[PDB]
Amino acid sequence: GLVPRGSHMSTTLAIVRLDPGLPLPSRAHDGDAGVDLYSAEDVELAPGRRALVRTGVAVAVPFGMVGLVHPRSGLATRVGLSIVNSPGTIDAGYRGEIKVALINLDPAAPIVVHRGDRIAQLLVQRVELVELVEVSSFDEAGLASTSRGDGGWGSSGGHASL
């Protein structure tokens, strides 16, 4: 129960298990970035299909932070599982159930998810709650020219298509 001096600053996350039959989300290994979310339900996804899957939890992301729902890498490579809105963006004011928009990006093999499978991971990070300052031009804001300028969308090269 002792908070190591190292962890004095670590953030608490209130969580409600809407489905008490599932374990609390946990990190697979010390230092892992996210806690794994469970599926509360059985669902089968044919190739190309998506589903909105309940995780059985609600959280209270602190004000000034964001929760982020990321796909797991193993299911992504092994069976083509993804998340339509990845990274899913959990707002600090949200008090509903976290759901995951799973999608089967494999062309031929269905994906079967069972209740209690670990289907995604939840990260928590600080976010800047931006105050927009509208300007007529970045010059007017007295901003210096930058190296990148308006270069984007492959401008630096690195593939034959670019």
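All residue numbers are counted from 1 along the displayed sequence. Only the largest set of C-alpha atoms that superpose within 1.5 Å between the two forms is called the rigid core.
Between 59-67 and 26-34, greater CA displacement relative to the shown form is found for 26-34 when the structures in 6 other deposited structures of this protein are fitted on the core. Looking at 46-54 and 132-140, the one farther from the shown form in 6 other deposited structures of this protein by average CA distance, after a rigid core fit, turns out to be 132-140. As the entry records it, the average C-alpha temperature factor is higher for 26-34, out of 120-128 and 26-34.
For the pair 47-55 and 130-138, the mean Cα B-factor is higher in 130-138. Taking only the listed residues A101, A108, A60, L68, the entry reports the highest CA temperature factor at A108.
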